[PDB]
Amino acid sequence: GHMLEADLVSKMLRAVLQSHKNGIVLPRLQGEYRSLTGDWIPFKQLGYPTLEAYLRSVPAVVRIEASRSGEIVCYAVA
(Lines give C-alpha, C1' and ligand atoms only; values in the text may rest on other atoms or scores of the structure.)
Protein backbone atom coordinates (compact mmCIF):
# COMPACT_ATOMS: atom_id res chain seq x y z
CA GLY A 1 0.00 0.00 0.00
CA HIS A 2 0.91 3.68 -0.60
CA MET A 3 -0.95 7.04 -0.65
CA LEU A 4 -3.63 7.71 -3.33
CA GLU A 5 -2.65 10.53 -5.77
CA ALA A 6 -4.45 13.43 -4.08
CA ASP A 7 -3.34 12.23 -0.60
CA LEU A 8 0.28 11.67 -1.78
CA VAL A 9 0.62 15.16 -3.19
CA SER A 10 -1.10 16.67 -0.08
CA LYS A 11 1.04 14.84 2.56
CA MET A 12 4.31 15.40 0.64
CA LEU A 13 3.41 19.10 0.01
CA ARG A 14 2.67 19.33 3.75
CA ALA A 15 5.93 17.59 4.71
CA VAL A 16 8.12 19.93 2.61
CA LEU A 17 6.26 22.90 4.18
CA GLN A 18 6.66 21.46 7.73
CA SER A 19 10.47 21.30 7.26
CA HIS A 20 10.55 24.70 5.49
CA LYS A 21 9.06 26.96 8.26
CA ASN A 22 10.49 30.06 6.46
CA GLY A 23 7.85 29.29 3.76
CA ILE A 24 8.41 28.80 0.02
CA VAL A 25 7.19 31.17 -2.71
CA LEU A 26 4.86 29.40 -5.23
CA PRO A 27 7.64 28.65 -7.89
CA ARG A 28 10.11 27.60 -5.12
CA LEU A 29 7.21 25.46 -3.83
CA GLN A 30 7.07 23.61 -7.20
CA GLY A 31 10.85 23.01 -6.94
CA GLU A 32 11.06 21.67 -3.34
CA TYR A 33 7.75 19.78 -3.73
CA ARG A 34 9.12 17.98 -6.81
CA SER A 35 12.35 17.16 -4.93
CA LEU A 36 10.21 15.14 -2.44
CA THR A 37 7.39 13.73 -4.67
CA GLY A 38 9.34 13.21 -7.91
CA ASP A 39 6.29 14.88 -9.63
CA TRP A 40 5.24 18.47 -10.43
CA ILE A 41 2.21 20.01 -8.65
CA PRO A 42 -0.98 18.46 -10.16
CA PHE A 43 -2.78 21.88 -10.20
CA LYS A 44 -4.25 21.86 -13.74
CA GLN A 45 -4.34 18.03 -13.69
CA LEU A 46 -6.70 18.04 -10.63
CA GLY A 47 -8.47 21.06 -12.26
CA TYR A 48 -7.25 24.11 -10.26
CA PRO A 49 -6.42 26.98 -12.67
CA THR A 50 -3.09 27.95 -11.02
CA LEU A 51 -0.45 26.86 -8.47
CA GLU A 52 -1.98 29.44 -6.10
CA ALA A 53 -5.53 28.01 -6.58
CA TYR A 54 -4.28 24.48 -5.81
CA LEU A 55 -2.70 25.88 -2.58
CA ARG A 56 -5.89 27.90 -1.73
CA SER A 57 -7.73 24.54 -1.94
CA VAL A 58 -5.85 22.85 1.01
CA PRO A 59 -6.61 25.28 3.95
CA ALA A 60 -7.02 22.42 6.52
CA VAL A 61 -3.38 21.22 6.03
CA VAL A 62 -1.54 24.18 4.36
CA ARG A 63 -1.52 28.00 4.73
CA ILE A 64 -0.52 30.85 2.37
CA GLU A 65 0.39 34.57 2.47
CA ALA A 66 -0.16 36.40 -0.84
CA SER A 67 2.19 39.41 -0.72
CA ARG A 68 1.30 42.90 -2.00
CA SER A 69 4.01 42.25 -4.66
CA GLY A 70 1.68 39.59 -6.23
CA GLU A 71 3.88 36.66 -5.07
CA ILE A 72 2.47 34.09 -2.62
CA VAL A 73 4.47 32.35 0.11
CA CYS A 74 3.31 28.88 1.20
CA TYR A 75 3.32 27.38 4.74
CA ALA A 76 2.14 24.26 6.61
CA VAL A 77 -0.79 23.93 9.05
CA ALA A 78 -1.06 20.13 9.82
# chains A, B, ... in the order shown; residues from 1 in each chain; ligands from 1
>>> residues_around(residues="segment 13-20 of chain A", least_positions_apart="6", cutoff="10 Å", atoms="only C-alpha atoms", output="PyMOL selection string")
chain A and resi 7+29-30+32-37+41+55+58+61-63+74-78
>>> select_by_dssp(residues="chain A", states="strand (DSSP E)", output="JSON, numbers by chain")
{"A": [24, 25, 62, 63, 64, 65, 66, 72, 73, 74, 75, 76]}
>>> residues_around(residues="residue 71 of chain A", least_positions_apart="5", cutoff="8 Å", atoms="only C-alpha atoms", output="short mmCIF file (atom, residue, chain, number, x, y, z; two decimals) with N, CA, C and O atoms, in the first residue's frame")
data_model
loop_
_atom_site.label_atom_id
_atom_site.label_comp_id
_atom_site.auth_asym_id
_atom_site.auth_seq_id
_atom_site.Cartn_x
_atom_site.Cartn_y
_atom_site.Cartn_z
N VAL A 25 7.96 30.45 -1.70
CA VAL A 25 7.19 31.17 -2.71
C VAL A 25 6.65 30.16 -3.72
O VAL A 25 7.33 29.18 -3.99
N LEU A 26 5.49 30.38 -4.33
CA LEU A 26 4.86 29.40 -5.23
C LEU A 26 5.78 28.73 -6.30
O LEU A 26 5.62 27.52 -6.47
N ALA A 66 -0.34 35.65 0.40
CA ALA A 66 -0.16 36.40 -0.84
C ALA A 66 0.36 37.79 -0.46
O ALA A 66 -0.27 38.51 0.31
#
>>> atom_distance(atom1="atom CA of residue 9 of chain A", atom2="atom CA of residue 47 of chain A")
14.1 Å
>>> residues_around(residues="residue 54 of chain A", least_positions_apart="4", cutoff="9 Å", atoms="only C-alpha atoms", output="list in words")
residues 41, 42, 43, 44, 46, 47, 48, 49, 50 and 58 of chain A
>>> select_by_dssp(residues="segment 2-77 of chain A", states="alpha helix (DSSP H)", output="VMD selection string")
chain A and resid 5 to 19 26 to 37 43 to 46 51 to 56
>>> atom_distance(atom1="atom CA of residue 23 of chain A", atom2="atom CA of residue 5 of chain A")
23.5 Å
>>> atom_distance(atom1="atom CA of residue 24 of chain A", atom2="atom CA of residue 6 of chain A")
20.5 Å
>>> decode(residues="segment 40-76 of chain A", atoms="N, CA, C and O atoms", output="PDB file, in the first residue's frame")
ATOM      1  N   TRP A  40       5.605  17.063 -10.528  1.00  0.00           N
ATOM      2  CA  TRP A  40       5.237  18.467 -10.428  1.00  0.00           C
ATOM      3  C   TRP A  40       3.829  18.569  -9.837  1.00  0.00           C
ATOM      4  O   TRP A  40       3.059  17.601  -9.849  1.00  0.00           O
ATOM      5  N   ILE A  41       3.495  19.742  -9.296  1.00  0.00           N
ATOM      6  CA  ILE A  41       2.213  20.014  -8.648  1.00  0.00           C
ATOM      7  C   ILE A  41       1.098  19.675  -9.653  1.00  0.00           C
ATOM      8  O   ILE A  41       1.131  20.172 -10.787  1.00  0.00           O
ATOM      9  N   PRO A  42       0.079  18.893  -9.264  1.00  0.00           N
ATOM     10  CA  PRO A  42      -0.979  18.457 -10.162  1.00  0.00           C
ATOM     11  C   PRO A  42      -2.093  19.519 -10.266  1.00  0.00           C
ATOM     12  O   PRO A  42      -3.267  19.161 -10.238  1.00  0.00           O
ATOM     13  N   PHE A  43      -1.776  20.819 -10.309  1.00  0.00           N
ATOM     14  CA  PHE A  43      -2.783  21.881 -10.200  1.00  0.00           C
ATOM     15  C   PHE A  43      -3.816  21.755 -11.319  1.00  0.00           C
ATOM     16  O   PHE A  43      -4.983  21.460 -11.063  1.00  0.00           O
ATOM     17  N   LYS A  44      -3.378  21.881 -12.570  1.00  0.00           N
ATOM     18  CA  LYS A  44      -4.246  21.863 -13.740  1.00  0.00           C
ATOM     19  C   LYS A  44      -4.800  20.456 -13.981  1.00  0.00           C
ATOM     20  O   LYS A  44      -5.886  20.297 -14.537  1.00  0.00           O
ATOM     21  N   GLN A  45      -4.054  19.444 -13.539  1.00  0.00           N
ATOM     22  CA  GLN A  45      -4.336  18.032 -13.694  1.00  0.00           C
ATOM     23  C   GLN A  45      -5.519  17.648 -12.785  1.00  0.00           C
ATOM     24  O   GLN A  45      -6.415  16.925 -13.224  1.00  0.00           O
ATOM     25  N   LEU A  46      -5.561  18.165 -11.547  1.00  0.00           N
ATOM     26  CA  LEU A  46      -6.699  18.038 -10.635  1.00  0.00           C
ATOM     27  C   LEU A  46      -7.821  19.019 -11.009  1.00  0.00           C
ATOM     28  O   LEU A  46      -8.985  18.725 -10.728  1.00  0.00           O
ATOM     29  N   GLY A  47      -7.501  20.141 -11.668  1.00  0.00           N
ATOM     30  CA  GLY A  47      -8.474  21.056 -12.264  1.00  0.00           C
ATOM     31  C   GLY A  47      -8.470  22.454 -11.635  1.00  0.00           C
ATOM     32  O   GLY A  47      -9.372  23.248 -11.914  1.00  0.00           O
ATOM     33  N   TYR A  48      -7.470  22.770 -10.807  1.00  0.00           N
ATOM     34  CA  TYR A  48      -7.254  24.106 -10.264  1.00  0.00           C
ATOM     35  C   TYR A  48      -6.578  24.940 -11.354  1.00  0.00           C
ATOM     36  O   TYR A  48      -5.678  24.420 -12.020  1.00  0.00           O
ATOM     37  N   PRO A  49      -6.942  26.215 -11.556  1.00  0.00           N
ATOM     38  CA  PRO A  49      -6.415  26.977 -12.674  1.00  0.00           C
ATOM     39  C   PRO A  49      -4.928  27.319 -12.525  1.00  0.00           C
ATOM     40  O   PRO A  49      -4.248  27.483 -13.542  1.00  0.00           O
ATOM     41  N   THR A  50      -4.415  27.428 -11.293  1.00  0.00           N
ATOM     42  CA  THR A  50      -3.086  27.952 -11.022  1.00  0.00           C
ATOM     43  C   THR A  50      -2.467  27.205  -9.841  1.00  0.00           C
ATOM     44  O   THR A  50      -3.174  26.522  -9.091  1.00  0.00           O
ATOM     45  N   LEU A  51      -1.148  27.374  -9.649  1.00  0.00           N
ATOM     46  CA  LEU A  51      -0.452  26.861  -8.468  1.00  0.00           C
ATOM     47  C   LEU A  51      -1.083  27.482  -7.234  1.00  0.00           C
ATOM     48  O   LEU A  51      -1.366  26.765  -6.286  1.00  0.00           O
ATOM     49  N   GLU A  52      -1.352  28.794  -7.248  1.00  0.00           N
ATOM     50  CA  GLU A  52      -1.980  29.441  -6.102  1.00  0.00           C
ATOM     51  C   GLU A  52      -3.329  28.791  -5.815  1.00  0.00           C
ATOM     52  O   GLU A  52      -3.565  28.446  -4.669  1.00  0.00           O
ATOM     53  N   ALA A  53      -4.190  28.554  -6.814  1.00  0.00           N
ATOM     54  CA  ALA A  53      -5.533  28.015  -6.585  1.00  0.00           C
ATOM     55  C   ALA A  53      -5.485  26.611  -5.977  1.00  0.00           C
ATOM     56  O   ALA A  53      -6.251  26.308  -5.060  1.00  0.00           O
ATOM     57  N   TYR A  54      -4.551  25.775  -6.433  1.00  0.00           N
ATOM     58  CA  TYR A  54      -4.285  24.481  -5.815  1.00  0.00           C
ATOM     59  C   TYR A  54      -3.969  24.664  -4.322  1.00  0.00           C
ATOM     60  O   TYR A  54      -4.571  24.000  -3.480  1.00  0.00           O
ATOM     61  N   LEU A  55      -3.095  25.616  -3.973  1.00  0.00           N
ATOM     62  CA  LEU A  55      -2.697  25.878  -2.584  1.00  0.00           C
ATOM     63  C   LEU A  55      -3.816  26.537  -1.757  1.00  0.00           C
ATOM     64  O   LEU A  55      -3.951  26.231  -0.575  1.00  0.00           O
ATOM     65  N   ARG A  56      -4.655  27.387  -2.366  1.00  0.00           N
ATOM     66  CA  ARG A  56      -5.888  27.901  -1.729  1.00  0.00           C
ATOM     67  C   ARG A  56      -6.774  26.727  -1.297  1.00  0.00           C
ATOM     68  O   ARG A  56      -7.444  26.819  -0.272  1.00  0.00           O
ATOM     69  N   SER A  57      -6.795  25.648  -2.083  1.00  0.00           N
ATOM     70  CA  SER A  57      -7.732  24.539  -1.941  1.00  0.00           C
ATOM     71  C   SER A  57      -7.311  23.484  -0.896  1.00  0.00           C
ATOM     72  O   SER A  57      -7.928  22.419  -0.835  1.00  0.00           O
ATOM     73  N   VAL A  58      -6.298  23.754  -0.054  1.00  0.00           N
ATOM     74  CA  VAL A  58      -5.845  22.848   1.011  1.00  0.00           C
ATOM     75  C   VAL A  58      -5.759  23.579   2.379  1.00  0.00           C
ATOM     76  O   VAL A  58      -4.795  23.395   3.125  1.00  0.00           O
ATOM     77  N   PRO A  59      -6.746  24.409   2.781  1.00  0.00           N
ATOM     78  CA  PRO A  59      -6.608  25.276   3.951  1.00  0.00           C
ATOM     79  C   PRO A  59      -6.589  24.518   5.293  1.00  0.00           C
ATOM     80  O   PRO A  59      -6.184  25.079   6.313  1.00  0.00           O
ATOM     81  N   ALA A  60      -7.009  23.243   5.313  1.00  0.00           N
ATOM     82  CA  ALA A  60      -7.019  22.424   6.524  1.00  0.00           C
ATOM     83  C   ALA A  60      -5.653  21.791   6.828  1.00  0.00           C
ATOM     84  O   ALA A  60      -5.489  21.202   7.897  1.00  0.00           O
ATOM     85  N   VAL A  61      -4.681  21.894   5.912  1.00  0.00           N
ATOM     86  CA  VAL A  61      -3.381  21.221   6.034  1.00  0.00           C
ATOM     87  C   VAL A  61      -2.235  22.184   5.685  1.00  0.00           C
ATOM     88  O   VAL A  61      -1.106  21.999   6.139  1.00  0.00           O
ATOM     89  N   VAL A  62      -2.512  23.243   4.928  1.00  0.00           N
ATOM     90  CA  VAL A  62      -1.544  24.176   4.362  1.00  0.00           C
ATOM     91  C   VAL A  62      -2.106  25.592   4.573  1.00  0.00           C
ATOM     92  O   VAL A  62      -3.286  25.782   4.875  1.00  0.00           O
ATOM     93  N   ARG A  63      -1.242  26.594   4.447  1.00  0.00           N
ATOM     94  CA  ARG A  63      -1.517  28.001   4.726  1.00  0.00           C
ATOM     95  C   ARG A  63      -0.744  28.806   3.694  1.00  0.00           C
ATOM     96  O   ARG A  63       0.279  28.329   3.211  1.00  0.00           O
ATOM     97  N   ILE A  64      -1.184  30.011   3.361  1.00  0.00           N
ATOM     98  CA  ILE A  64      -0.517  30.850   2.368  1.00  0.00           C
ATOM     99  C   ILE A  64      -0.598  32.319   2.797  1.00  0.00           C
ATOM    100  O   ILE A  64      -1.539  32.722   3.484  1.00  0.00           O
ATOM    101  N   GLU A  65       0.373  33.117   2.349  1.00  0.00           N
ATOM    102  CA  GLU A  65       0.395  34.569   2.468  1.00  0.00           C
ATOM    103  C   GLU A  65       0.687  35.122   1.070  1.00  0.00           C
ATOM    104  O   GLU A  65       1.816  35.029   0.583  1.00  0.00           O
ATOM    105  N   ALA A  66      -0.337  35.652   0.399  1.00  0.00           N
ATOM    106  CA  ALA A  66      -0.162  36.401  -0.839  1.00  0.00           C
ATOM    107  C   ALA A  66       0.360  37.791  -0.463  1.00  0.00           C
ATOM    108  O   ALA A  66      -0.273  38.511   0.314  1.00  0.00           O
ATOM    109  N   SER A  67       1.542  38.136  -0.968  1.00  0.00           N
ATOM    110  CA  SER A  67       2.193  39.410  -0.717  1.00  0.00           C
ATOM    111  C   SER A  67       1.558  40.481  -1.605  1.00  0.00           C
ATOM    112  O   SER A  67       1.022  40.198  -2.680  1.00  0.00           O
ATOM    113  N   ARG A  68       1.702  41.743  -1.194  1.00  0.00           N
ATOM    114  CA  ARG A  68       1.302  42.902  -2.001  1.00  0.00           C
ATOM    115  C   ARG A  68       2.037  42.958  -3.346  1.00  0.00           C
ATOM    116  O   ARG A  68       1.525  43.549  -4.296  1.00  0.00           O
ATOM    117  N   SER A  69       3.212  42.333  -3.439  1.00  0.00           N
ATOM    118  CA  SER A  69       4.006  42.253  -4.660  1.00  0.00           C
ATOM    119  C   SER A  69       3.358  41.352  -5.725  1.00  0.00           C
ATOM    120  O   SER A  69       3.779  41.379  -6.883  1.00  0.00           O
ATOM    121  N   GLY A  70       2.361  40.537  -5.348  1.00  0.00           N
ATOM    122  CA  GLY A  70       1.683  39.588  -6.228  1.00  0.00           C
ATOM    123  C   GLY A  70       2.267  38.175  -6.142  1.00  0.00           C
ATOM    124  O   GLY A  70       1.714  37.247  -6.741  1.00  0.00           O
ATOM    125  N   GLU A  71       3.369  37.982  -5.404  1.00  0.00           N
ATOM    126  CA  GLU A  71       3.882  36.658  -5.071  1.00  0.00           C
ATOM    127  C   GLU A  71       2.974  36.058  -3.993  1.00  0.00           C
ATOM    128  O   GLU A  71       2.218  36.772  -3.329  1.00  0.00           O
ATOM    129  N   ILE A  72       3.095  34.756  -3.752  1.00  0.00           N
ATOM    130  CA  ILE A  72       2.469  34.089  -2.624  1.00  0.00           C
ATOM    131  C   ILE A  72       3.501  33.160  -2.025  1.00  0.00           C
ATOM    132  O   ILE A  72       4.218  32.478  -2.757  1.00  0.00           O
ATOM    133  N   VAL A  73       3.574  33.160  -0.701  1.00  0.00           N
ATOM    134  CA  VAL A  73       4.473  32.355   0.108  1.00  0.00           C
ATOM    135  C   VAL A  73       3.602  31.284   0.759  1.00  0.00           C
ATOM    136  O   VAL A  73       2.487  31.576   1.197  1.00  0.00           O
ATOM    137  N   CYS A  74       4.084  30.047   0.788  1.00  0.00           N
ATOM    138  CA  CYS A  74       3.313  28.882   1.199  1.00  0.00           C
ATOM    139  C   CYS A  74       3.875  28.368   2.519  1.00  0.00           C
ATOM    140  O   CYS A  74       5.092  28.386   2.698  1.00  0.00           O
ATOM    141  N   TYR A  75       3.006  27.840   3.387  1.00  0.00           N
ATOM    142  CA  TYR A  75       3.324  27.380   4.738  1.00  0.00           C
ATOM    143  C   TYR A  75       2.500  26.139   5.079  1.00  0.00           C
ATOM    144  O   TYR A  75       1.509  25.845   4.414  1.00  0.00           O
ATOM    145  N   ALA A  76       2.889  25.418   6.131  1.00  0.00           N
ATOM    146  CA  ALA A  76       2.137  24.256   6.608  1.00  0.00           C
ATOM    147  C   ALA A  76       1.071  24.691   7.617  1.00  0.00           C
ATOM    148  O   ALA A  76       1.115  25.811   8.131  1.00  0.00           O
TER     149      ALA A  76
END
